[PDB]
$ cat data-v4.pdb   # PDB, C-alpha atoms
MODEL        1
ATOM      1  CA  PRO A   1       0.000   0.000   0.000
ATOM      2  CA  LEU A   2       0.915   3.688  -0.193
ATOM      3  CA  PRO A   3       2.076   5.869   2.720
ATOM      4  CA  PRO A   4      -0.172   8.759   3.938
ATOM      5  CA  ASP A   5       2.175  11.663   3.114
ATOM      6  CA  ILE A   6       3.021  12.270  -0.543
ATOM      7  CA  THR A   7       4.120  15.002  -2.930
ATOM      8  CA  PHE A   8       4.547  15.667  -6.659
ATOM      9  CA  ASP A   9       6.971  17.708  -8.744
ATOM     10  CA  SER A  10       5.534  20.382 -11.076
ATOM     11  CA  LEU A  11       5.278  18.097 -14.132
ATOM     12  CA  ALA A  12       3.396  15.478 -12.123
ATOM     13  CA  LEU A  13       1.158  18.085 -10.505
ATOM     14  CA  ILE A  14       0.248  19.398 -13.941
ATOM     15  CA  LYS A  15      -0.932  15.939 -15.021
ATOM     16  CA  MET A  16      -2.741  15.313 -11.733
ATOM     17  CA  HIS A  17      -4.798  18.408 -12.608
ATOM     18  CA  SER A  18      -5.451  17.520 -16.271
ATOM     19  CA  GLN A  19      -9.087  16.822 -17.167
ATOM     20  CA  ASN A  20      -8.376  13.120 -17.691
ATOM     21  CA  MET A  21      -7.216  12.837 -14.081
ATOM     22  CA  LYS A  22     -10.280  14.392 -12.416
ATOM     23  CA  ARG A  23     -11.337  11.186 -10.672
ATOM     24  CA  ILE A  24      -7.817  10.167  -9.619
ATOM     25  CA  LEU A  25      -7.252  13.682  -8.268
ATOM     26  CA  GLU A  26     -10.450  13.582  -6.228
ATOM     27  CA  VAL A  27      -9.416  10.243  -4.649
ATOM     28  CA  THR A  28      -5.850  11.373  -3.975
ATOM     29  CA  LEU A  29      -6.991  14.535  -2.180
ATOM     30  CA  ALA A  30      -9.529  12.565  -0.145
ATOM     31  CA  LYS A  31      -7.167   9.786   0.914
ATOM     32  CA  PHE A  32      -3.757  11.443   1.176
ATOM     33  CA  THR A  33      -1.924  14.355   2.772
ATOM     34  CA  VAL A  34      -0.198  16.162  -0.086
ATOM     35  CA  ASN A  35       2.692  18.457   0.865
ATOM     36  CA  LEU A  36       3.796  20.692  -2.013
ATOM     37  CA  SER A  37       6.910  22.858  -2.016
ATOM     38  CA  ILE A  38       6.079  26.475  -2.857
ATOM     39  CA  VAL A  39       8.647  26.027  -5.634
ATOM     40  CA  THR A  40       6.574  23.215  -7.140
ATOM     41  CA  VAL A  41       3.565  25.513  -6.909
ATOM     42  CA  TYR A  42       5.333  28.385  -8.632
ATOM     43  CA  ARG A  43       6.497  26.186 -11.534
ATOM     44  CA  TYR A  44       3.023  24.679 -11.881
ATOM     45  CA  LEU A  45       1.663  28.231 -12.070
ATOM     46  CA  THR A  46       4.232  29.131 -14.740
ATOM     47  CA  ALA A  47       2.650  26.433 -16.911
ATOM     48  CA  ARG A  48      -0.817  27.801 -16.079
ATOM     49  CA  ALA A  49       0.272  31.398 -16.741
ATOM     50  CA  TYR A  50       1.527  30.186 -20.126
ATOM     51  CA  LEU A  51      -2.059  29.407 -21.158
ATOM     52  CA  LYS A  52      -3.242  32.725 -19.706
ATOM     53  CA  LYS A  53      -4.960  31.412 -16.588
ATOM     54  CA  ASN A  54      -5.831  33.688 -13.660
ATOM     55  CA  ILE A  55      -2.798  32.908 -11.483
ATOM     56  CA  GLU A  56      -3.898  34.778  -8.355
ATOM     57  CA  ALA A  57      -7.177  32.854  -8.349
ATOM     58  CA  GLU A  58      -5.621  29.482  -9.112
ATOM     59  CA  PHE A  59      -3.115  30.018  -6.343
ATOM     60  CA  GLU A  60      -5.870  30.435  -3.754
ATOM     61  CA  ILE A  61      -7.461  27.202  -4.956
ATOM     62  CA  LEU A  62      -4.184  25.324  -4.550
ATOM     63  CA  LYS A  63      -3.646  26.875  -1.127
ATOM     64  CA  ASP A  64      -7.193  25.834  -0.242
ATOM     65  CA  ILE A  65      -6.433  22.230  -1.239
ATOM     66  CA  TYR A  66      -2.784  21.543  -0.457
ATOM     67  CA  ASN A  67      -0.338  21.949   2.395
ATOM     68  CA  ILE A  68       2.003  24.403   0.703
ATOM     69  CA  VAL A  69       5.424  24.232   2.321
ATOM     70  CA  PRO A  70       7.502  27.452   2.254
ATOM     71  CA  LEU A  71      11.233  27.427   1.656
ATOM     72  CA  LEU A  72      11.856  27.178   5.402
ATOM     73  CA  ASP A  73      15.251  27.983   6.930
ATOM     74  CA  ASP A  74      15.723  24.285   7.730
ATOM     75  CA  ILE A  75      14.946  23.444   4.120
ATOM     76  CA  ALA A  76      17.329  26.132   2.895
ATOM     77  CA  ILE A  77      20.079  24.752   5.164
ATOM     78  CA  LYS A  78      19.381  21.109   4.326
ATOM     79  CA  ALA A  79      19.289  21.894   0.584
ATOM     80  CA  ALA A  80      22.641  23.668   0.775
ATOM     81  CA  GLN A  81      24.147  20.613   2.498
ATOM     82  CA  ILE A  82      22.797  18.185  -0.077
ATOM     83  CA  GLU A  83      23.752  20.285  -3.093
ATOM     84  CA  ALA A  84      27.249  21.024  -1.767
ATOM     85  CA  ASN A  85      28.204  17.382  -1.210
ATOM     86  CA  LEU A  86      26.566  16.361  -4.507
ATOM     87  CA  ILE A  87      28.501  19.094  -6.305
ATOM     88  CA  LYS A  88      31.673  17.858  -4.592
ATOM     89  CA  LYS A  89      30.985  14.669  -6.548
ATOM     90  CA  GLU A  90      30.451  16.278  -9.962
ATOM     91  CA  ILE A  91      26.722  15.645  -9.574
ATOM     92  CA  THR A  92      24.696  18.667 -10.649
ATOM     93  CA  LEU A  93      20.896  18.889 -10.470
ATOM     94  CA  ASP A  94      18.747  21.947 -11.085
ATOM     95  CA  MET A  95      17.424  24.080  -8.231
ATOM     96  CA  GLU A  96      13.865  22.842  -8.652
ATOM     97  CA  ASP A  97      14.915  19.222  -8.131
ATOM     98  CA  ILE A  98      17.024  20.099  -5.096
ATOM     99  CA  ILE A  99      14.330  22.104  -3.292
ATOM    100  CA  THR A 100      11.568  19.635  -4.243
ATOM    101  CA  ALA A 101      13.515  16.639  -2.964
ATOM    102  CA  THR A 102      14.767  18.488   0.123
ATOM    103  CA  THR A 103      11.202  19.443   0.965
ATOM    104  CA  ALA A 104      10.048  15.852   0.460
ATOM    105  CA  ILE A 105      12.733  14.654   2.872
ATOM    106  CA  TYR A 106      11.789  17.367   5.359
ATOM    107  CA  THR A 107       8.059  16.579   5.256
ATOM    108  CA  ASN A 108       8.712  12.843   5.065
ATOM    109  CA  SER A 109       6.668  12.647   1.874
ATOM    110  CA  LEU A 110       6.916  10.101  -0.923
ATOM    111  CA  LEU A 111       7.880  11.964  -4.109
ATOM    112  CA  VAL A 112       5.637  10.902  -6.989
ATOM    113  CA  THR A 113       7.191  11.787 -10.330
ATOM    114  CA  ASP A 114       7.313  10.675 -13.974
ATOM    115  CA  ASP A 115      11.118  10.822 -13.809
ATOM    116  CA  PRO A 116      12.309   9.107 -10.585
ATOM    117  CA  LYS A 117      15.813   8.306 -11.832
ATOM    118  CA  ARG A 118      16.628  12.007 -12.161
ATOM    119  CA  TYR A 119      16.259  12.262  -8.363
ATOM    120  CA  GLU A 120      18.099   9.000  -7.646
ATOM    121  CA  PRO A 121      21.301  10.724  -6.407
ATOM    122  CA  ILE A 122      19.272  12.219  -3.538
ATOM    123  CA  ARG A 123      18.037   8.843  -2.254
ATOM    124  CA  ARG A 124      21.158   8.466  -0.077
ATOM    125  CA  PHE A 125      19.947  11.514   1.816
ATOM    126  CA  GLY A 126      16.586   9.953   2.659
ATOM    127  CA  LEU A 127      14.437  10.656  -0.401
ATOM    128  CA  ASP A 128      11.861   8.075  -1.516
ATOM    129  CA  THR A 129      10.281   8.259  -4.994
ATOM    130  CA  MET A 130       7.584   6.445  -6.976
ATOM    131  CA  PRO A 131       6.720   6.455 -10.707
ATOM    132  CA  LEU A 132       3.593   8.518 -11.360
ATOM    133  CA  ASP A 133       2.062   5.858 -13.614
ATOM    134  CA  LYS A 134       2.409   3.241 -10.861
ATOM    135  CA  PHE A 135       0.921   5.675  -8.354
ATOM    136  CA  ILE A 136      -2.124   6.236 -10.585
ATOM    137  CA  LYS A 137      -2.642   2.499 -11.000
ATOM    138  CA  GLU A 138      -2.319   2.022  -7.259
ATOM    139  CA  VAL A 139      -5.088   4.544  -6.593
ATOM    140  CA  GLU A 140      -7.313   2.912  -9.186
ATOM    141  CA  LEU A 141      -6.791  -0.410  -7.395
ATOM    142  CA  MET A 142      -7.820   1.299  -4.154
ATOM    143  CA  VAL A 143     -11.066   2.389  -5.781
ATOM    144  CA  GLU A 144     -11.785  -1.051  -7.246
ATOM    145  CA  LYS A 145     -11.430  -2.633  -3.798
ATOM    146  CA  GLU A 146     -13.805  -0.269  -1.998
ATOM    147  CA  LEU A 147     -17.251  -1.259  -0.704
TER     148      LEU A 147
ATOM    149  CA  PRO B   1      22.861  58.409  -6.383
ATOM    150  CA  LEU B   2      22.592  55.016  -4.679
ATOM    151  CA  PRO B   3      19.166  54.008  -3.245
ATOM    152  CA  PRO B   4      18.547  52.899   0.389
ATOM    153  CA  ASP B   5      17.426  49.370  -0.505
ATOM    154  CA  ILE B   6      19.746  47.057  -2.388
ATOM    155  CA  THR B   7      20.233  43.351  -3.044
ATOM    156  CA  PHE B   8      22.743  41.031  -4.727
ATOM    157  CA  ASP B   9      22.493  37.722  -6.576
ATOM    158  CA  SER B  10      24.473  34.842  -5.020
ATOM    159  CA  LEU B  11      27.485  35.310  -7.303
ATOM    160  CA  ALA B  12      27.827  39.003  -6.418
ATOM    161  CA  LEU B  13      27.196  38.341  -2.718
ATOM    162  CA  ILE B  14      30.019  35.776  -2.690
ATOM    163  CA  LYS B  15      32.432  38.459  -3.937
ATOM    164  CA  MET B  16      31.136  41.041  -1.458
ATOM    165  CA  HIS B  17      32.387  38.605   1.171
ATOM    166  CA  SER B  18      35.879  38.230  -0.304
ATOM    167  CA  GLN B  19      38.622  39.003   2.204
ATOM    168  CA  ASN B  20      39.628  41.752  -0.216
ATOM    169  CA  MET B  21      36.219  43.419   0.161
ATOM    170  CA  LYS B  22      35.964  43.660   3.939
ATOM    171  CA  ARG B  23      35.991  47.454   3.759
ATOM    172  CA  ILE B  24      33.454  47.760   0.942
ATOM    173  CA  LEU B  25      31.198  45.291   2.736
ATOM    174  CA  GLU B  26      31.471  47.102   6.065
ATOM    175  CA  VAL B  27      30.428  50.425   4.510
ATOM    176  CA  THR B  28      27.628  48.787   2.503
ATOM    177  CA  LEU B  29      26.002  47.216   5.581
ATOM    178  CA  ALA B  30      26.528  50.508   7.364
ATOM    179  CA  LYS B  31      24.822  52.665   4.712
ATOM    180  CA  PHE B  32      22.247  50.432   2.996
ATOM    181  CA  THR B  33      19.358  48.104   3.767
ATOM    182  CA  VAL B  34      20.222  44.819   2.032
ATOM    183  CA  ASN B  35      17.308  42.498   1.253
ATOM    184  CA  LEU B  36      18.344  39.000   0.188
ATOM    185  CA  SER B  37      16.073  36.322  -1.234
ATOM    186  CA  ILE B  38      16.156  33.082   0.772
ATOM    187  CA  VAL B  39      17.128  31.494  -2.541
ATOM    188  CA  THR B  40      20.168  33.753  -2.804
ATOM    189  CA  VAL B  41      21.405  32.786   0.657
ATOM    190  CA  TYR B  42      21.035  29.032   0.091
ATOM    191  CA  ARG B  43      23.070  29.262  -3.143
ATOM    192  CA  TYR B  44      25.606  31.426  -1.294
ATOM    193  CA  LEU B  45      25.908  28.840   1.507
ATOM    194  CA  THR B  46      26.160  26.088  -1.082
ATOM    195  CA  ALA B  47      28.993  27.817  -2.936
ATOM    196  CA  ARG B  48      30.979  28.469   0.249
ATOM    197  CA  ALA B  49      30.645  25.037   1.863
ATOM    198  CA  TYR B  50      34.251  24.299   0.818
ATOM    199  CA  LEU B  51      35.292  27.172   3.093
ATOM    200  CA  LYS B  52      32.630  27.030   5.811
ATOM    201  CA  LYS B  53      31.272  23.497   6.286
ATOM    202  CA  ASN B  54      28.909  24.466   9.135
ATOM    203  CA  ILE B  55      25.975  25.536   6.943
ATOM    204  CA  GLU B  56      23.657  25.838   9.938
ATOM    205  CA  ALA B  57      25.944  28.236  11.832
ATOM    206  CA  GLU B  58      26.578  30.176   8.620
ATOM    207  CA  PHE B  59      22.850  30.557   8.003
ATOM    208  CA  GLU B  60      22.339  31.999  11.484
ATOM    209  CA  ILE B  61      25.131  34.473  10.897
ATOM    210  CA  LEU B  62      23.497  35.653   7.675
ATOM    211  CA  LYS B  63      20.036  35.809   9.225
ATOM    212  CA  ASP B  64      21.427  38.252  11.785
ATOM    213  CA  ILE B  65      23.229  40.467   9.246
ATOM    214  CA  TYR B  66      20.725  40.707   6.399
ATOM    215  CA  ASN B  67      16.988  40.826   5.805
ATOM    216  CA  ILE B  68      16.167  37.374   4.434
ATOM    217  CA  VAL B  69      12.976  37.439   2.370
ATOM    218  CA  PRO B  70      11.040  34.137   2.026
ATOM    219  CA  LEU B  71       9.683  32.948  -1.302
ATOM    220  CA  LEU B  72       6.326  34.538  -0.404
ATOM    221  CA  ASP B  73       3.101  33.632  -2.184
ATOM    222  CA  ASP B  74       3.046  36.982  -3.983
ATOM    223  CA  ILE B  75       6.625  36.367  -5.140
ATOM    224  CA  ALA B  76       5.618  32.868  -6.310
ATOM    225  CA  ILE B  77       2.667  34.298  -8.230
ATOM    226  CA  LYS B  78       4.617  37.144  -9.849
ATOM    227  CA  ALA B  79       7.582  34.888 -10.618
ATOM    228  CA  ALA B  80       5.196  32.624 -12.530
ATOM    229  CA  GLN B  81       3.766  35.488 -14.617
ATOM    230  CA  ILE B  82       7.258  36.775 -15.439
ATOM    231  CA  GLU B  83       8.665  33.370 -16.364
ATOM    232  CA  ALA B  84       5.693  32.589 -18.635
ATOM    233  CA  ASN B  85       6.239  35.906 -20.416
ATOM    234  CA  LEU B  86       9.937  35.180 -20.961
ATOM    235  CA  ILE B  87       9.340  31.628 -22.145
ATOM    236  CA  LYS B  88       6.842  32.927 -24.722
ATOM    237  CA  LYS B  89       9.779  34.929 -26.106
ATOM    238  CA  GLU B  90      11.980  31.843 -25.820
ATOM    239  CA  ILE B  91      14.012  33.466 -23.047
ATOM    240  CA  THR B  92      15.052  30.845 -20.495
ATOM    241  CA  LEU B  93      16.515  32.258 -17.281
ATOM    242  CA  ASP B  94      17.154  29.790 -14.489
ATOM    243  CA  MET B  95      14.947  29.644 -11.394
ATOM    244  CA  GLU B  96      17.428  31.451  -9.129
ATOM    245  CA  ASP B  97      17.558  34.437 -11.500
ATOM    246  CA  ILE B  98      13.768  34.621 -11.818
ATOM    247  CA  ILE B  99      13.213  34.486  -8.048
ATOM    248  CA  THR B 100      16.090  36.861  -7.308
ATOM    249  CA  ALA B 101      14.711  39.457  -9.724
ATOM    250  CA  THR B 102      11.153  38.875  -8.593
ATOM    251  CA  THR B 103      12.135  39.366  -4.959
ATOM    252  CA  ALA B 104      14.002  42.551  -5.888
ATOM    253  CA  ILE B 105      10.851  44.019  -7.418
ATOM    254  CA  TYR B 106       8.819  42.926  -4.407
ATOM    255  CA  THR B 107      11.209  44.579  -1.924
ATOM    256  CA  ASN B 108      11.879  47.525  -4.237
ATOM    257  CA  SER B 109      15.621  46.791  -4.092
ATOM    258  CA  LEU B 110      18.339  47.692  -6.587
ATOM    259  CA  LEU B 111      19.799  44.446  -7.876
ATOM    260  CA  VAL B 112      23.604  44.609  -7.813
ATOM    261  CA  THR B 113      25.074  41.945 -10.092
ATOM    262  CA  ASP B 114      28.060  41.194 -12.310
ATOM    263  CA  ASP B 115      25.791  40.241 -15.221
ATOM    264  CA  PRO B 116      23.014  42.867 -15.581
ATOM    265  CA  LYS B 117      22.337  42.037 -19.248
ATOM    266  CA  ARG B 118      21.081  38.615 -18.172
ATOM    267  CA  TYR B 119      18.285  40.330 -16.213
ATOM    268  CA  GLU B 120      17.523  43.057 -18.801
ATOM    269  CA  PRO B 121      14.320  41.364 -20.136
ATOM    270  CA  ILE B 122      12.844  41.797 -16.645
ATOM    271  CA  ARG B 123      13.313  45.564 -16.331
ATOM    272  CA  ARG B 124       9.914  46.034 -18.018
ATOM    273  CA  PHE B 125       8.417  44.470 -14.893
ATOM    274  CA  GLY B 126       9.978  46.994 -12.516
ATOM    275  CA  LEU B 127      13.424  45.491 -11.976
ATOM    276  CA  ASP B 128      16.358  47.836 -11.460
ATOM    277  CA  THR B 129      19.944  46.642 -11.864
ATOM    278  CA  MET B 130      23.478  47.973 -11.563
ATOM    279  CA  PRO B 131      26.910  46.481 -12.376
ATOM    280  CA  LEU B 132      28.828  45.289  -9.328
ATOM    281  CA  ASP B 133      31.835  47.252 -10.598
ATOM    282  CA  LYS B 134      29.889  50.517 -10.655
ATOM    283  CA  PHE B 135      28.424  49.830  -7.213
ATOM    284  CA  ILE B 136      31.893  49.236  -5.780
ATOM    285  CA  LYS B 137      33.110  52.508  -7.289
ATOM    286  CA  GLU B 138      29.997  54.383  -6.163
ATOM    287  CA  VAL B 139      30.593  53.090  -2.631
ATOM    288  CA  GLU B 140      34.248  54.141  -2.604
ATOM    289  CA  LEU B 141      33.549  57.538  -1.053
ATOM    290  CA  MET B 142      31.407  58.791   1.813
TER     291      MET B 142
ENDMDL
END
$ encode --input "data-v4.pdb" --output "structure tokens"
Amino acid sequence: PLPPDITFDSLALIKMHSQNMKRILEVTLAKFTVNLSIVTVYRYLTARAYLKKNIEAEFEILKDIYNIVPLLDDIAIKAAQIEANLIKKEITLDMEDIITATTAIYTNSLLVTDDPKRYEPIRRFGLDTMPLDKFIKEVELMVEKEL
Amino acid sequence: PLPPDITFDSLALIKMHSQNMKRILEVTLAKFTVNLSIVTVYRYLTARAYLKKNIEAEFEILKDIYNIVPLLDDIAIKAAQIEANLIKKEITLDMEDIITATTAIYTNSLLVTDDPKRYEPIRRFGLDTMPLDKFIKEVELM
């Protein structure tokens, strides 16, 4: 089964909100505690701003649904520690990946993403990931089993 | 005519802390209000880990010296609008740059950097920049 605390990166959050995922989204929000990094929220909004959506309004909706986690001092410190040792090993990941993974570790959330291997170098620091497609199938199974 | 509020991107801030800048830094903190994005300080701490391994202690030191601005919701929102506008023009600045510039606008701070051209496409949104070299010269004098 799946753990209670989970999170998504911007790409995954975009899909979770697509019209084809309406049902899966409803179940996920009803059964899980989703902790999103403000960074993930900002990047999601960039995609929404691209198609001229009302950002201010969509932000309130997200805030009214999710536990939006700020870039806390502890996250800033932890992220700097992870990035520095990774960099010391010629491993370079973009800022979004670092903050997203650091926040997942901090909130003890399973990071659902369509590209888990990209985050693989952060596992050693405590990060746990799961393929989005497997996550979706898991939730569907949950629905099938219900009374 | 330097303004009261200023900021730096991580690269510029790293130089401001060079041993050979102690004087310039002392005057700066003495005459200006420096508002740094939380993103800028994490990159700064990351880049100096080879010199100061105690990230936690280093963060506390910074928190006491500067005004550290969080990635507030309004900054998140505005950063999204700006990035979408740049992407439409096929301009791809990295996250740090977008948030640094967005925070500067939010705090009404002059962004001191070594690469102002990079940020130029954002001036239409209220951003104000100045070359680190000029800033250093402008500061050399009471």
$ resolve_selection --input "data-v4.pdb" --expression "the PyMOL selection byres ((chain B) within 6 of (chain A))" --output "PyMOL selection string"
chain B and resi 42+46+76+80-81+84
$ residues_around --input "data-v4.pdb" --residues "stretch 104-112 of chain A" --least-positions-apart "5" --cutoff "6 Å" --atoms "all atoms listed in the file" --output "short mmCIF file (atom, residue, chain, number, x, y, z; two decimals) with C-alpha atoms, in the coordinates of the input"
data_model
loop_
_atom_site.label_atom_id
_atom_site.label_comp_id
_atom_site.auth_asym_id
_atom_site.auth_seq_id
_atom_site.Cartn_x
_atom_site.Cartn_y
_atom_site.Cartn_z
CA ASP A 5 2.17 11.66 3.11
CA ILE A 6 3.02 12.27 -0.54
CA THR A 7 4.12 15.00 -2.93
CA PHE A 8 4.55 15.67 -6.66
CA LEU A 127 14.44 10.66 -0.40
CA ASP A 128 11.86 8.07 -1.52
CA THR A 129 10.28 8.26 -4.99
CA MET A 130 7.58 6.44 -6.98
CA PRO A 131 6.72 6.46 -10.71
CA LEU A 132 3.59 8.52 -11.36
#
$ residues_around --input "data-v4.pdb" --residues "residue B:9" --least-positions-apart "3" --cutoff "7 Å" --atoms "all atoms listed in the file" --output "list in words"
residues 12, 13, 40, 100 and 113 of chain B
$ resolve_selection --input "data-v4.pdb" --expression "the PyMOL selection byres ((chain B and resi 116-125) around 12)" --output "JSON, numbers by chain"
{"B": [8, 9, 12, 78, 79, 81, 82, 83, 84, 85, 86, 87, 89, 90, 91, 92, 93, 94, 96, 97, 98, 99, 100, 101, 102, 103, 104, 105, 106, 108, 110, 111, 112, 113, 114, 115, 126, 127, 128, 129, 130, 131, 132, 133, 134]}
$ axis_aligned_box --input "data-v4.pdb" --around "stretch 30-49 of chain B" --padding-each-side "4 Å" --output "JSON"
{"center_x": 23.5, "center_y": 38.9, "center_z": 2.1, "size_x": 22.9, "size_y": 35.6, "size_z": 18.5}
$ atom_distance --input "data-v4.pdb" --atom1 "atom CA of residue A:113" --atom2 "atom CA of residue A:11"
7.6 Å
$ residues_around --input "data-v4.pdb" --residues "residue A:30" --least-positions-apart "5" --cutoff "12 Å" --atoms "all atoms listed in the file" --output "list in words"
residues 4, 23, 24, 25, 65, 66, 139 and 143 of chain A
$ atom_distance --input "data-v4.pdb" --atom1 "atom CA of residue A:124" --atom2 "atom CA of residue B:56"
20.2 Å
$ atom_distance --input "data-v4.pdb" --atom1 "atom CA of residue B:38" --atom2 "atom CA of residue B:4"
20.0 Å
$ resolve_selection --input "data-v4.pdb" --expression "the PyMOL selection byres ((chain B and resi 67) around 7)" --output "list in words"
residues 34, 35, 36, 63, 66, 68 and 69 of chain B
$ residues_around --input "data-v4.pdb" --residues "residue B:48" --least-positions-apart "5" --cutoff "9 Å" --atoms "only C-alpha atoms" --output "list in words"
residues 84 of chain A; 14, 43, 53 and 55 of chain B
$ closest_residue --input "data-v4.pdb" --among "B:25, B:6, B:39, B:142" --to "residue B:95" --atoms "all atoms listed in the file"
B:39
$ closest_residue --input "data-v4.pdb" --among "A:27, A:141, A:93, A:16" --to "residue A:117" --atoms "all atoms listed in the file"
A:93
$ decode --input "data-v4.pdb" --residues "stretch 105-122 of chain A" --atoms "N, CA, C and O atoms" --output "JSON list (two decimals), in the first residue's frame"
[["chain", "number", "residue", "atom", "x", "y", "z"],
["A", 105, "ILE", "N", 12.02, 15.27, 1.76],
["A", 105, "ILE", "CA", 12.73, 14.65, 2.87],
["A", 105, "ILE", "C", 12.28, 15.30, 4.18],
["A", 105, "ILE", "O", 11.98, 14.62, 5.17],
["A", 106, "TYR", "N", 12.20, 16.63, 4.18],
["A", 106, "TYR", "CA", 11.79, 17.37, 5.36],
["A", 106, "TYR", "C", 10.38, 17.03, 5.83],
["A", 106, "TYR", "O", 10.14, 16.92, 7.03],
["A", 107, "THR", "N", 9.44, 16.88, 4.90],
["A", 107, "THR", "CA", 8.06, 16.58, 5.26],
["A", 107, "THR", "C", 7.80, 15.08, 5.32],
["A", 107, "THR", "O", 6.68, 14.64, 5.59],
["A", 108, "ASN", "N", 8.84, 14.29, 5.06],
["A", 108, "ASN", "CA", 8.71, 12.84, 5.07],
["A", 108, "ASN", "C", 7.60, 12.40, 4.11],
["A", 108, "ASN", "O", 6.73, 11.59, 4.44],
["A", 109, "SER", "N", 7.65, 12.95, 2.90],
["A", 109, "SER", "CA", 6.67, 12.65, 1.87],
["A", 109, "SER", "C", 7.27, 11.84, 0.73],
["A", 109, "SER", "O", 8.42, 12.06, 0.33],
["A", 110, "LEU", "N", 6.49, 10.91, 0.21],
["A", 110, "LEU", "CA", 6.92, 10.10, -0.92],
["A", 110, "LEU", "C", 6.80, 10.97, -2.18],
["A", 110, "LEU", "O", 5.73, 11.48, -2.49],
["A", 111, "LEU", "N", 7.90, 11.14, -2.91],
["A", 111, "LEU", "CA", 7.88, 11.96, -4.11],
["A", 111, "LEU", "C", 7.43, 11.22, -5.37],
["A", 111, "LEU", "O", 8.16, 10.40, -5.92],
["A", 112, "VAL", "N", 6.20, 11.52, -5.80],
["A", 112, "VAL", "CA", 5.64, 10.90, -6.99],
["A", 112, "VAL", "C", 6.08, 11.75, -8.17],
["A", 112, "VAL", "O", 5.89, 12.97, -8.19],
["A", 113, "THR", "N", 6.69, 11.09, -9.16],
["A", 113, "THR", "CA", 7.19, 11.79, -10.33],
["A", 113, "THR", "C", 7.26, 10.86, -11.54],
["A", 113, "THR", "O", 7.35, 9.64, -11.39],
["A", 114, "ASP", "N", 7.22, 11.45, -12.74],
["A", 114, "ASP", "CA", 7.31, 10.68, -13.97],
["A", 114, "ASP", "C", 8.78, 10.40, -14.31],
["A", 114, "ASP", "O", 9.08, 9.66, -15.25],
["A", 115, "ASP", "N", 9.69, 11.00, -13.55],
["A", 115, "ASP", "CA", 11.12, 10.82, -13.81],
["A", 115, "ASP", "C", 11.88, 10.62, -12.51],
["A", 115, "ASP", "O", 12.66, 11.47, -12.09],
["A", 116, "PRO", "N", 11.66, 9.47, -11.85],
["A", 116, "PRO", "CA", 12.31, 9.11, -10.59],
["A", 116, "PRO", "C", 13.84, 8.95, -10.63],
["A", 116, "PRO", "O", 14.52, 9.24, -9.65],
["A", 117, "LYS", "N", 14.37, 8.49, -11.75],
["A", 117, "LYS", "CA", 15.81, 8.31, -11.83],
["A", 117, "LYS", "C", 16.59, 9.61, -11.77],
["A", 117, "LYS", "O", 17.74, 9.63, -11.36],
["A", 118, "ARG", "N", 15.96, 10.71, -12.19],
["A", 118, "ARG", "CA", 16.63, 12.01, -12.16],
["A", 118, "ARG", "C", 16.92, 12.41, -10.71],
["A", 118, "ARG", "O", 17.88, 13.12, -10.43],
["A", 119, "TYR", "N", 16.10, 11.93, -9.78],
["A", 119, "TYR", "CA", 16.26, 12.26, -8.36],
["A", 119, "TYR", "C", 17.08, 11.23, -7.60],
["A", 119, "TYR", "O", 17.46, 11.45, -6.45],
["A", 120, "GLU", "N", 17.37, 10.11, -8.26],
["A", 120, "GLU", "CA", 18.10, 9.00, -7.65],
["A", 120, "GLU", "C", 19.34, 9.35, -6.81],
["A", 120, "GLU", "O", 19.62, 8.68, -5.81],
["A", 121, "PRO", "N", 20.11, 10.38, -7.20],
["A", 121, "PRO", "CA", 21.30, 10.72, -6.41],
["A", 121, "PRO", "C", 20.96, 11.31, -5.03],
["A", 121, "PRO", "O", 21.84, 11.47, -4.18],
["A", 122, "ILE", "N", 19.69, 11.65, -4.82],
["A", 122, "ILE", "CA", 19.27, 12.22, -3.54],
["A", 122, "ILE", "C", 18.69, 11.16, -2.60],
["A", 122, "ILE", "O", 18.35, 11.45, -1.46]]
